[PDB]
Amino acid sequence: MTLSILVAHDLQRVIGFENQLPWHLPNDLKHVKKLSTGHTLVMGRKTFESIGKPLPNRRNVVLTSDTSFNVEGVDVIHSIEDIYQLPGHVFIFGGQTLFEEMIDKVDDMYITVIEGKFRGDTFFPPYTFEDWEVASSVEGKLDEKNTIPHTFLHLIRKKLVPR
């Protein structure tokens, strides 16, 4: 089980406003689709309710304390510890709560930096590039449907070594 974070955050690490993405950026949702098809998404309950339905062609896992929670096409877990029993490549998909709980545990992060400043009410936790190697950094292409500059980062946790 490779464990990754998958997230879009803006210049101030805003990830959400009123249970929605603050930005309209089709290409990032395509990026998300390409990375996670055939794999597993782990998400908190609020993030799932925002999307409204499972994303097709991958395993949709929802973390919640609700023992009544049962949705067709969705697997449910009730603790963080359950994440580690999931097979394959697992992506931590959001939202703020799950990111805060997992950022110290994941192998790597796929971050789309939205190069703007949006009003938000939910944030990605602060992190420093002193701790994370830039495996790749790719500028998103802008066009008629995708008008906010954005950058795809793949960050891998650096190892702590003596001097």
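When you see a residue number, it is the position in the sequence shown, counting from 1.
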| query | finding |
| --- | --- |
| Comparing 22-30 with 105-113, the one whose average Cα B-factor in the PDB entry is higher | 22-30 |
| Entry-level comparison of average CA B-factors, 87-95 and 70-78, reporting the higher stretch | 70-78 |
| Out of 125, 44, 120, 52, highest CA B-factor residue | 52 |
| Candidate set 13, 154, 150, 145 [ranked by C-alpha B-factor, highest] | 145 |
| Chain third (lowest, middle, highest) by recorded CA B-factor, residue given as residue 57 | highest |
| Ranked against its chain, the third holding the CA B-factor of residue 40 | middle |
| Chain third (lowest, middle, highest) by recorded CA B-factor, residue given as residue 65 | highest |
